[PDB]
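Asks: Okay, handing you the structure first.
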Amino acid sequence: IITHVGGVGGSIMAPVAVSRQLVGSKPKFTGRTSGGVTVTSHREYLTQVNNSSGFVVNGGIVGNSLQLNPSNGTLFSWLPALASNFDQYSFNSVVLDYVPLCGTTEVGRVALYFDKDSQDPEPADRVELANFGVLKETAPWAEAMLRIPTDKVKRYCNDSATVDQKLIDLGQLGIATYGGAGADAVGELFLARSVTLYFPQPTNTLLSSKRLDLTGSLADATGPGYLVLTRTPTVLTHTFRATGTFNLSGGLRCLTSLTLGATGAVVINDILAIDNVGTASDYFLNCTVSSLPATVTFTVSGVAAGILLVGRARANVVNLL
Amino acid sequence: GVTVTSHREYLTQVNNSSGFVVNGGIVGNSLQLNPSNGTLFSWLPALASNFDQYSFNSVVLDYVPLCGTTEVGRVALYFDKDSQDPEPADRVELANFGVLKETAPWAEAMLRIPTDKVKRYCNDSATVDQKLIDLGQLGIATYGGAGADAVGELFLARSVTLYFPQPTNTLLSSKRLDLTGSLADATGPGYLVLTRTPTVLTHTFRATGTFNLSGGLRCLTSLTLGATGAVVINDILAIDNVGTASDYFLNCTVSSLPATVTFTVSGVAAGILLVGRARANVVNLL
Amino acid sequence: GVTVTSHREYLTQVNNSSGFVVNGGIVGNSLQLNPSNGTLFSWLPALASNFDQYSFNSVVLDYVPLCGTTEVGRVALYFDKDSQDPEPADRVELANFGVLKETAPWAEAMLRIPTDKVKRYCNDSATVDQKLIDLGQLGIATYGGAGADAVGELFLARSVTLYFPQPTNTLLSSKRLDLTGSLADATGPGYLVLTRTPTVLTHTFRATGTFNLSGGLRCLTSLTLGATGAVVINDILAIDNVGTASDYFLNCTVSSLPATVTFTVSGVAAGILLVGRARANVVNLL
Amino acid sequence: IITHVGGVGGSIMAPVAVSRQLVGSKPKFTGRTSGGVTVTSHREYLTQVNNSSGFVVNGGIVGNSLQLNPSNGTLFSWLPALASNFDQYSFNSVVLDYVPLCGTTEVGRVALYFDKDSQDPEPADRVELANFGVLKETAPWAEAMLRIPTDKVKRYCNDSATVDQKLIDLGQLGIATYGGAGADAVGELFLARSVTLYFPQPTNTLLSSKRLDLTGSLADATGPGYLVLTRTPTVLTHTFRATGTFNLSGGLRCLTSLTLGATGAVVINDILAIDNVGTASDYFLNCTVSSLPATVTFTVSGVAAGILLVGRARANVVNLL
Ligand SMILES: [Ca+2]
Ligand SMILES: [Ca+2]
Ligand SMILES: [Ca+2]
Ligand SMILES: [Ca+2]
Ligand SMILES: [Ca+2]
Ligand SMILES: [Ca+2]
Ligand SMILES: [Ca+2]
């Protein structure tokens, strides 16, 4: 069949393009009849690796997100709400898969790694990425793999909250691109799953609570974490980590009518915007992200207390009549 | 790619008290047995800084003695499993520890340490429950002396299993003082704290050996180089510009606590330095 | 009381040159396998620095791909048992070597390195017969390309046996320029050469990554910070005093050859610096 | 596996690129226990075929170099110094190998041939190259071969010298490129070796001696031949055929201080340059070629006698102190 030319048995072919074909990953639960507790193995997708001539990591996004715990609503788009009737998690297999949309003529580097410290900070440069134990180094166009070192320790989910994210999380996951020529798309990576659900509980809420200090930095958290809400002395920051349709509820301290800006992949849905000028205010809004960078920001003055809540929601109303 | 280390690192020179002193008659569980402890392990420092899980197999306290059969005191090495509990108050407390030893100063002593094989994490990301990650605490305690002179120099018998490797940590230290402030960033380890007082700096050692110092600061006012305690100055270079800020490189070599140094200056309105252990290495023009 | 090590370290980025080139067309058997070679081994940097003998078990060269199926060239990895013989002049010398591999640039390539079990010494005291101490030489060679762009990223398949425990071995580099002169001391390793020209400095990289730079010099004349090639400046701080000498701390991050930097100044009458690999770490006031 | 598209069994694939992978050729000697004389079979590389829109042959280089005798220091970079303890040569296999650095989109012709007359002159054009008995005709990007007709005649090496280069040499070797678009590189050719060493002698020196007549053309030779040293009425020519680090020794008749020029791949090493103006002069120099065209020339006047010697050498000194 195939006739390929200029080839004598034992020779190399670098083709114009390559592609694998990906299908319906329909999960299987297994009954580990135990404490009458469950086990799940399904395939959840994870992000579209775009290029970075320069040197970027999960989107140039920072605050080890990525985090291998399930939920990571940030990471795992389906497991979201099962390990949600449960309290202890434990994997058996997790494998990074890297397919490629681009073609044998893009010019760059992608790279998947694994840090056992859910908390150490991120890759600085070339020489650092490469020193990791569990790493892989691929041109972008060519097809790649990574399998992850799983213990069987009895590890806890984030339902109550826990600052030592390391003693509870399994690992960190990296994806890193340098040496590109443009920050376009070349890769879409997947997630090979297998998890052991344990002491199943009243089901935890997935709702987000995020306080800015009055002049300050940061008050409480509950998370998960889709959002960070910073202030700058005038003006807020609502910096997305998550994608989809959300629902936003809250307001803040200002005095000064709200001007609703945002930036990147964004589909505003319902912006409602009470103020009282002199005092504080409220915002409900409903938006829908499908990118990074998605940003939004409220524009205001004298941002002297920041409060919000975020808890994923449909094309759902959020405005008066 | 899992490395095993069994070495013998030096640790501190114990001075007496009449009174009742611990790990320097200093405080905040200094000695924590984790490697790094830049404070405790002067050698293991930048090996396990390429790794993420640590686990010992042997650790033994060794106590030799420089003094003579006529000093009058107590040395005492112990072991708290809670990297975090606070320190020895008095006589009756020190003695109640499981893994303790009670020796005169002149006489020669030992202690071996109870090691589990739990998969414990090193301090690259930070972790307030220093107990769930640290192996143990280490004590050394002296009461009943007659003078706070030196009688003992203690060592560290090592055996460690390094695991998942990625990125040496930072054998190199970065330490920012706010302009008027307190404290900017850190990278550490931490050998040094660099405080200011409104005039004048503080470089307060936690570490021992030959270092290398690089930096300068905001002042206006020529640098007068003082320091205090065990200290062997090596190279002090000292650019200023009076009116503005300045720079200091220097190379010194500590073998004590208390080692202090301080720069003397005025209007200390920004503090920056870096410290990353170094030899008898130059640090001055020609 | 000995160590063993098996990890994987990155090495340099193979660019292209239709000409015929060898390690960047730098010369003086740089790639030598010995560990340290700070130029070659970015990670083991600091284990074989606590040791005195070394011995490899595996060494494998790994060649992945930055370019694309239409890049147009030749790459080539080899191995000389004489840490000292000179480099490849042309195509025909390279091809005659025992341990060679010859690949497109675009396609992914391999090489295994031949290991003895001889008790070989590391470079702490110095040794002009670099051959009887070093295991082999490493080549990477590119000819017949069409542009001097990047095609390859080369790695290091490692497995090393450390023996008798040392007392550290500086990993902060010390590099003195004579007043009018050429060259004062060294400590090295060597990532950098610091030359002067009558006006102006040269900081010529041999190494890749995040460094930390500390020092200043003799001039009189405010500092203008240039550099050339793969370079990501991080923190440039720059005291001067005009009339006199000056200081520079800076933090940069190279991933190429050619990386250059140079300070621009006048009356370069003494050159001093130190360099000791460092993170994204601060190096400036506040 | 491979899925290649638009193909029904029996169809043709002309790929984006092809490459073979070449390794360490580590020679074997065989003991033909004879007159206690030796046999060698190893793989020596030979040149990088660059393109020639126009019509070029071993570099547009002329004076059948190329010559199949071993040594040919010009041709065989290793066999250089064994058939050097010997006096009779005889092959059994010699095969031209043509791999390719370029890609399936360069646009040209390469071509390997074989003339039984070590001495006939070179290919003029298209119609001439093709008429040879032992020739091969390849696009450049595609992968090629040629095997060579070996007799077993008892043929002599060039240790004493011999003007009928034909009665001693096995063959001529050609490589020819026409129809390009640029004189860049597409090919690197190799040499499949197998030689029978005979009456082994005191080992001959490899040193070159090259006399220009006073007004003339040409005095003696010893060779091998790496160099030709011509004059033009003013000025010399040192025209390389060889690559590497050499050592040059000599001077000449002029009167007129030496200006050292040269052209192409060249790394000058040590130029020393006595003159006496009025009279003659001397030059030692040490240079290092890795190309064709390498040229050098000395610039001078009244070039009334040319003498030199050349005998391959290291980064070795060649100047006073
Ligand atoms: Ca829980
Ligand atoms: Ca880590
Ligand atoms: Ca860590
Ligand atoms: Ca050699
Ligand atoms: Ca040594
Ligand atoms: Ca030693
Ligand atoms: Ca003969």
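Note on naming: chains are A, B, ... as they come in the structure tokens, residues start from 1 per chain, ligands start from 1 in the order shown.
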Which neighbours of residue 73 of chain A fall inside 12 Å, counting only C-alpha atoms, when residues of the same chain fewer than 6 positions from it are skipped, and could you give them as a list in words?

Replies: residues 44, 46, 65, 66, 67, 79, 80, 81, 82, 83, 84, 157, 158, 206, 207, 208, 223, 224, 225, 226, 227, 241, 242, 243, 244, 311 and 312 of chain A

Asks: With the cut-off set at 9 Å and counting only C-alpha atoms, tabulate each residue of chain C with an atom at most that distance from an atom of chain D, showing the nearest atom pair and its distance in Å to one decimal, ordered by chain and increasing number, as a tab-separated table.

Replies:
```
residue	atom	partner	partner_atom	distance
C:18	CA	D:185	CA	8.0
C:19	CA	D:265	CA	8.2
C:20	CA	D:290	CA	7.3
C:69	CA	D:17	CA	6.5
C:70	CA	D:103	CA	6.2
C:71	CA	D:103	CA	8.2
C:72	CA	D:102	CA	5.2
C:73	CA	D:101	CA	5.4
C:74	CA	D:101	CA	6.2
C:78	CA	D:24	CA	8.7
C:86	CA	D:315	CA	8.3
C:88	CA	D:244	CA	8.7
C:89	CA	D:244	CA	5.4
C:90	CA	D:290	CA	5.2
C:91	CA	D:47	CA	7.5
C:92	CA	D:45	CA	5.7
C:93	CA	D:77	CA	7.2
C:95	CA	D:45	CA	6.1
C:96	CA	D:44	CA	6.5
C:97	CA	D:24	CA	6.7
C:98	CA	D:24	CA	5.2
C:99	CA	D:24	CA	5.3
C:100	CA	D:24	CA	4.6
C:101	CA	D:23	CA	4.6
C:102	CA	D:22	CA	4.9
C:103	CA	D:21	CA	5.5
C:104	CA	D:19	CA	6.2
C:105	CA	D:101	CA	8.8
C:107	CA	D:19	CA	8.3
C:109	CA	D:21	CA	8.6
C:144	CA	D:185	CA	5.4
C:145	CA	D:185	CA	7.2
C:146	CA	D:184	CA	7.6
```

Asks: Output N, CA, C and O atoms for every residue in the selection just made, as a short mmCIF file (atom, residue, chain, number, x, y, z; two decimals), in the first residue's frame.

Replies:
```cif
data_model
loop_
_atom_site.label_atom_id
_atom_site.label_comp_id
_atom_site.auth_asym_id
_atom_site.auth_seq_id
_atom_site.Cartn_x
_atom_site.Cartn_y
_atom_site.Cartn_z
N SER C 18 24.81 26.86 8.62
CA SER C 18 25.08 26.13 7.37
C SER C 18 26.59 25.88 7.25
O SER C 18 27.03 24.93 6.59
N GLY C 19 27.35 26.75 7.89
CA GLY C 19 28.82 26.63 7.85
C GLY C 19 29.24 25.19 8.10
O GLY C 19 28.94 24.29 7.31
N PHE C 20 29.94 24.99 9.20
CA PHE C 20 30.30 23.72 10.05
C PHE C 20 30.66 23.96 11.52
O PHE C 20 31.82 24.25 11.84
N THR C 69 9.56 20.09 10.26
CA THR C 69 9.92 19.19 9.16
C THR C 69 10.40 19.75 7.83
O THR C 69 10.25 19.12 6.77
N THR C 70 10.97 20.94 7.89
CA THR C 70 11.28 21.70 6.67
C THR C 70 12.49 22.54 7.06
O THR C 70 13.01 23.33 6.25
N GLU C 71 12.92 22.37 8.30
CA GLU C 71 14.17 22.98 8.75
C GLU C 71 15.02 22.18 7.76
O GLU C 71 14.55 21.20 7.16
N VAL C 72 16.26 22.61 7.59
CA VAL C 72 17.11 22.07 6.52
C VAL C 72 18.58 22.03 6.96
O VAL C 72 19.34 22.98 6.70
N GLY C 73 18.95 20.95 7.61
CA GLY C 73 20.29 20.84 8.19
C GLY C 73 20.78 19.50 8.74
O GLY C 73 20.20 18.44 8.45
N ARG C 74 21.85 19.56 9.52
CA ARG C 74 22.43 18.34 10.09
C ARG C 74 22.80 18.75 11.52
O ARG C 74 23.28 19.86 11.76
N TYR C 78 28.81 13.46 19.17
CA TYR C 78 29.91 12.50 19.34
C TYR C 78 30.57 12.36 20.71
O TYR C 78 30.25 13.10 21.65
N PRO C 86 41.53 18.18 20.43
CA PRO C 86 41.04 19.52 20.08
C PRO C 86 39.65 19.15 19.56
O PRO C 86 39.20 18.00 19.69
N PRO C 88 36.65 18.91 16.35
CA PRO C 88 36.40 18.77 14.91
C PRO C 88 36.57 19.98 13.97
O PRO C 88 35.78 20.93 13.99
N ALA C 89 37.62 19.92 13.16
CA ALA C 89 37.76 20.86 12.05
C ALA C 89 36.70 20.92 10.93
O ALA C 89 36.26 22.01 10.53
N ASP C 90 36.29 19.75 10.47
CA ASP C 90 35.43 19.67 9.28
C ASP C 90 34.41 18.53 9.41
O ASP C 90 34.28 17.90 10.47
N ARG C 91 33.71 18.28 8.32
CA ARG C 91 32.86 17.08 8.22
C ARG C 91 33.56 15.73 8.41
O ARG C 91 33.08 14.87 9.16
N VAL C 92 34.67 15.57 7.72
CA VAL C 92 35.34 14.27 7.66
C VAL C 92 36.04 13.73 8.93
O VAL C 92 36.27 12.52 9.08
N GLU C 93 36.36 14.65 9.82
CA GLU C 93 36.98 14.28 11.10
C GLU C 93 35.86 13.82 12.01
O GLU C 93 36.01 12.84 12.76
N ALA C 95 32.92 12.61 11.23
CA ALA C 95 32.41 11.31 10.79
C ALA C 95 33.26 10.08 11.10
O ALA C 95 32.76 8.94 11.14
N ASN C 96 34.54 10.32 11.31
CA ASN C 96 35.47 9.25 11.62
C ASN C 96 35.53 8.75 13.07
O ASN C 96 35.95 7.62 13.33
N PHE C 97 35.10 9.60 13.98
CA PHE C 97 34.89 9.17 15.37
C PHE C 97 34.13 7.88 15.67
O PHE C 97 33.06 7.62 15.09
N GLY C 98 34.69 7.09 16.56
CA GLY C 98 33.97 5.93 17.10
C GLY C 98 32.53 6.09 17.60
O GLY C 98 31.60 5.46 17.08
N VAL C 99 32.38 6.92 18.61
CA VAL C 99 31.04 7.25 19.12
C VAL C 99 30.25 8.46 18.53
O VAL C 99 30.01 9.47 19.21
N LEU C 100 29.87 8.31 17.28
CA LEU C 100 29.03 9.32 16.62
C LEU C 100 27.58 8.98 16.25
O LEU C 100 27.23 7.82 16.03
N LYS C 101 26.76 10.02 16.20
CA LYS C 101 25.39 9.87 15.67
C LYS C 101 25.09 11.08 14.79
O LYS C 101 25.45 12.22 15.13
N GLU C 102 24.45 10.82 13.67
CA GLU C 102 24.14 11.89 12.71
C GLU C 102 22.68 12.03 12.26
O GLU C 102 22.18 11.21 11.47
N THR C 103 22.03 13.05 12.77
CA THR C 103 20.60 13.26 12.48
C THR C 103 20.15 14.51 11.75
O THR C 103 20.80 15.56 11.81
N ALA C 104 19.02 14.38 11.08
CA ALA C 104 18.34 15.56 10.52
C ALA C 104 18.37 16.39 11.80
O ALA C 104 18.83 15.92 12.85
N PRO C 105 17.86 17.60 11.70
CA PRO C 105 17.71 18.46 12.88
C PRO C 105 16.31 18.09 13.38
O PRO C 105 16.12 17.74 14.55
N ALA C 107 14.31 15.54 13.17
CA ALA C 107 14.13 14.24 13.83
C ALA C 107 14.92 13.88 15.11
O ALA C 107 15.89 14.58 15.41
N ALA C 109 16.78 12.26 18.23
CA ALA C 109 18.00 11.43 18.21
C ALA C 109 18.64 10.98 19.52
O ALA C 109 18.40 11.57 20.58
N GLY C 144 25.75 22.56 7.09
CA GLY C 144 24.88 22.59 5.91
C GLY C 144 23.47 23.16 6.01
O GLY C 144 22.63 22.94 5.12
N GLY C 145 23.23 23.89 7.08
CA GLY C 145 21.92 24.52 7.29
C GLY C 145 21.62 25.64 6.29
O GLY C 145 22.17 25.66 5.18
N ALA C 146 20.75 26.55 6.70
CA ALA C 146 20.39 27.68 5.84
C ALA C 146 20.21 28.98 6.62
O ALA C 146 20.06 30.06 6.04
#
```

Asks: Could you tell me, as a list in words, which residues of segment 88-232 of chain B DSSP assigns to helix (DSSP H, G or I) when given the backbone?

Replies: residues 91, 92, 93 and 94 of chain B

Asks: Kindly save the residues from that selection, with N, CA and C atoms included, as a PDB file, in the first residue's frame.

Replies:
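What ended up in again-v8.pdb:
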```
ATOM      1  N   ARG B  91      14.895  22.759  84.886  1.00  0.00           N
ATOM      2  CA  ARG B  91      15.418  21.416  85.175  1.00  0.00           C
ATOM      3  C   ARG B  91      14.494  20.204  85.047  1.00  0.00           C
ATOM      4  N   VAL B  92      13.335  20.307  85.669  1.00  0.00           N
ATOM      5  CA  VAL B  92      12.438  19.146  85.817  1.00  0.00           C
ATOM      6  C   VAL B  92      11.777  18.802  84.471  1.00  0.00           C
ATOM      7  N   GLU B  93      11.708  19.805  83.615  1.00  0.00           N
ATOM      8  CA  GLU B  93      11.093  19.627  82.293  1.00  0.00           C
ATOM      9  C   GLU B  93      12.011  18.956  81.276  1.00  0.00           C
ATOM     10  N   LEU B  94      13.271  19.346  81.303  1.00  0.00           N
ATOM     11  CA  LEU B  94      14.224  18.880  80.306  1.00  0.00           C
ATOM     12  C   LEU B  94      14.207  17.372  80.561  1.00  0.00           C
TER      13      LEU B  94
END
```

Asks: At a cut-off of 10 Å, using only C-alpha atoms, what residues contact residue 202 of chain D? Leave out same-chain residues fewer than 6 positions from it and give the result as a PyMOL selection string.

Replies: chain D and resi 84-87

Asks: With C-alpha atoms kept, could you save the residues just selected as a PDB file, in the first residue's frame?

Replies:
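Saved as out.pdb:
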```pdb
ATOM      1  CA  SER D  84      51.035   4.201   4.521  1.00  0.00           C
ATOM      2  CA  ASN D  85      52.936   1.251   5.961  1.00  0.00           C
ATOM      3  CA  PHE D  86      52.099  -0.441   2.661  1.00  0.00           C
ATOM      4  CA  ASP D  87      52.784  -0.463  -1.069  1.00  0.00           C
TER       5      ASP D  87
END
```

Asks: If the limit is 9 Å from any atom of ligand 3, counting only C-alpha atoms and all ligand atoms, which residues qualify? Return them as a list in words.

Replies: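 Here is the list of contacting residues: residues 115, 116, 117, 118, 119, 120, 121 and 166 of chain A; 49, 51, 52, 53, 121, 122, 123, 124, 125, 126 and 169 of chain B.
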
Asks: Convert the current residue selection to file output with N, CA, C and O atoms, as an mmCIF file, in the first residue's frame.

Replies:
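This went into part-v9.cif:
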```cif
data_model
loop_
_atom_site.group_PDB
_atom_site.id
_atom_site.type_symbol
_atom_site.label_atom_id
_atom_site.label_comp_id
_atom_site.auth_asym_id
_atom_site.auth_seq_id
_atom_site.Cartn_x
_atom_site.Cartn_y
_atom_site.Cartn_z
ATOM 1 N N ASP A 115 5.109 18.051 40.010
ATOM 2 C CA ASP A 115 5.662 18.363 41.335
ATOM 3 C C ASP A 115 4.842 17.720 42.455
ATOM 4 O O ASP A 115 3.640 17.989 42.598
ATOM 5 N N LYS A 116 5.502 16.881 43.229
ATOM 6 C CA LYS A 116 4.897 16.352 44.461
ATOM 7 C C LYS A 116 4.446 17.314 45.569
ATOM 8 O O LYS A 116 3.642 16.951 46.441
ATOM 9 N N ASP A 117 4.971 18.523 45.517
ATOM 10 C CA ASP A 117 4.472 19.602 46.381
ATOM 11 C C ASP A 117 3.424 20.558 45.843
ATOM 12 O O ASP A 117 3.742 21.685 45.437
ATOM 13 N N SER A 118 2.182 20.109 45.860
ATOM 14 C CA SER A 118 1.060 20.984 45.494
ATOM 15 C C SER A 118 1.253 22.486 45.712
ATOM 16 O O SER A 118 0.386 23.298 45.356
ATOM 17 N N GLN A 119 2.354 22.827 46.357
ATOM 18 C CA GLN A 119 2.557 24.204 46.829
ATOM 19 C C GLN A 119 3.802 24.983 46.399
ATOM 20 O O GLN A 119 3.798 26.223 46.371
ATOM 21 N N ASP A 120 4.846 24.246 46.072
ATOM 22 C CA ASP A 120 6.086 24.868 45.586
ATOM 23 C C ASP A 120 5.531 25.773 44.485
ATOM 24 O O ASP A 120 4.359 25.657 44.096
ATOM 25 N N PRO A 121 6.378 26.661 44.000
ATOM 26 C CA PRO A 121 5.920 27.730 43.103
ATOM 27 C C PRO A 121 6.258 27.162 41.723
ATOM 28 O O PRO A 121 6.617 25.982 41.591
ATOM 29 N N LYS A 166 -0.409 21.282 50.487
ATOM 30 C CA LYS A 166 0.503 20.181 50.220
ATOM 31 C C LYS A 166 0.291 18.830 50.903
ATOM 32 O O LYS A 166 0.320 17.775 50.251
ATOM 33 N N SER B 49 17.698 20.097 47.884
ATOM 34 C CA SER B 49 17.107 21.403 47.564
ATOM 35 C C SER B 49 16.824 21.080 46.095
ATOM 36 O O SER B 49 16.178 21.863 45.383
ATOM 37 N N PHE B 51 15.388 18.204 45.753
ATOM 38 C CA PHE B 51 14.368 17.194 46.071
ATOM 39 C C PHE B 51 13.187 17.577 46.962
ATOM 40 O O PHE B 51 13.194 18.633 47.610
ATOM 41 N N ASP B 52 12.189 16.713 46.982
ATOM 42 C CA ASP B 52 10.900 17.063 47.596
ATOM 43 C C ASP B 52 10.350 16.231 48.757
ATOM 44 O O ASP B 52 9.467 16.687 49.498
ATOM 45 N N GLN B 53 10.920 15.053 48.935
ATOM 46 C CA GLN B 53 10.509 14.187 50.008
ATOM 47 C C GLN B 53 11.822 13.770 50.672
ATOM 48 O O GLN B 53 12.826 13.514 49.990
ATOM 49 N N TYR B 121 7.518 15.882 53.754
ATOM 50 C CA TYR B 121 7.916 16.964 52.842
ATOM 51 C C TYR B 121 8.934 18.012 53.297
ATOM 52 O O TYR B 121 8.958 18.408 54.471
ATOM 53 N N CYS B 122 9.760 18.441 52.361
ATOM 54 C CA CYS B 122 10.692 19.546 52.627
ATOM 55 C C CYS B 122 10.019 20.907 52.432
ATOM 56 O O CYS B 122 8.923 20.999 51.860
ATOM 57 N N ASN B 123 10.684 21.941 52.912
ATOM 58 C CA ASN B 123 10.078 23.279 52.945
ATOM 59 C C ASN B 123 10.290 24.238 51.779
ATOM 60 O O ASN B 123 10.917 25.296 51.935
ATOM 61 N N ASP B 124 9.765 23.860 50.629
ATOM 62 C CA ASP B 124 9.871 24.711 49.435
ATOM 63 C C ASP B 124 8.693 25.602 49.122
ATOM 64 O O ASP B 124 8.832 26.811 49.357
ATOM 65 N N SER B 125 7.524 24.990 49.103
ATOM 66 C CA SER B 125 6.308 25.669 49.572
ATOM 67 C C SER B 125 5.967 25.684 51.063
ATOM 68 O O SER B 125 6.423 24.823 51.830
ATOM 69 N N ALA B 126 5.170 26.661 51.452
ATOM 70 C CA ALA B 126 5.227 26.769 52.979
ATOM 71 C C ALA B 126 3.943 26.310 53.672
ATOM 72 O O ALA B 126 2.864 26.282 53.061
ATOM 73 N N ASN B 169 16.519 24.256 45.247
ATOM 74 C CA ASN B 169 15.623 25.300 45.809
ATOM 75 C C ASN B 169 16.045 26.762 45.661
ATOM 76 O O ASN B 169 15.449 27.522 44.883
#
```

Asks: Taking only C-alpha atoms and all ligand atoms into account, which residues have an atom no farther than 7 Å from ligand 4? I'd like them as a list in words.

Replies: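 Final answer, ordered by chain and number: residues 80, 81, 82 and 85 of chain C.
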
Asks: Save the residues we just selected, N, CA, C and O atoms, as a compact mmCIF listing (two decimals), in the first residue's frame?

Replies:
```
# COMPACT_ATOMS: atom_id res chain seq x y z
N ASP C 80 34.63 11.91 22.38
CA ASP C 80 36.08 11.70 22.44
C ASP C 80 36.53 11.30 23.84
O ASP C 80 36.34 12.04 24.82
N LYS C 81 37.13 10.12 23.93
CA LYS C 81 37.81 9.71 25.17
C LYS C 81 38.96 10.56 25.73
O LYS C 81 39.33 10.43 26.91
N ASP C 82 39.51 11.40 24.88
CA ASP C 82 40.47 12.42 25.33
C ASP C 82 39.96 13.81 25.66
O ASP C 82 40.10 14.75 24.85
N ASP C 85 41.95 16.37 23.42
CA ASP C 85 42.17 16.45 21.98
C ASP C 85 41.34 17.68 21.64
O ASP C 85 40.56 18.17 22.47
```

Asks: Give me the residues within 9 Å of segment 208-220 of chain B as a PyMOL selection string, counting only C-alpha atoms and dropping any in the same chain fewer than 6 places off.

Replies: (chain B and resi 11-12+39+42+179+191+199-200+232+234+238-257+259+265-281+283) or (chain C and resi 172+214-215+239+248-249+283-286)

Asks: As a ChimeraX atom specification, list the residues of segment 168-209 of chain A assigned to strand (DSSP E) by DSSP on the backbone atoms of this structure.

Replies: /A:174-178,185-196,208-209
